[PDB]
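Residue numbers (the working numbering), protein chains in the order written: chain A, 148 to 205; chain B, 15 to 67.
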């Protein structure tokens, strides 16, 4: 049983999403829930959140 | 039955500024092992966060 340390990858990715200033509250919460459910996709999900954050810049 | 309490505790613990990543990892690992302690672990994380201001 390989343990990918996916929970620690969740905390690193979740911290990065919380610091994205242009996402709104439900957007951030949606990414966090997706990270928690499938932490194997932590890097893909952070990449999507950064794309969305950059697209919503003032 | 704790999907709201878990998601809330997870989201608030991520925001706590005074925690280190290892402490933050420990709470996440306990939440994944027993989500029924979401309120207790969140209260513990905030208390720990207040003591490390």
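Note that CB positions come from ideal geometry on N, CA and C, so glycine has one too.
query, result
"Spatial distance of residue 195 (chain A) from residue 183 (chain A) (CA atoms)", "15 Å"
"Per-residue DSSP class, three states only, for residue 68 (chain B)", "Here chain B has residues from 15 to 67 only, and residue 68 (chain B) is not among them."
"Residue 158 (chain A) and residue 28 (chain B) closer than 9 Å at C-beta", "yes"
"For residue 47 (chain B), the three-state DSSP class (helix, strand or coil)", "helix"
"Distance, residue 169 (chain A) Cα to residue 52 (chain B) Cα", "28 Å"
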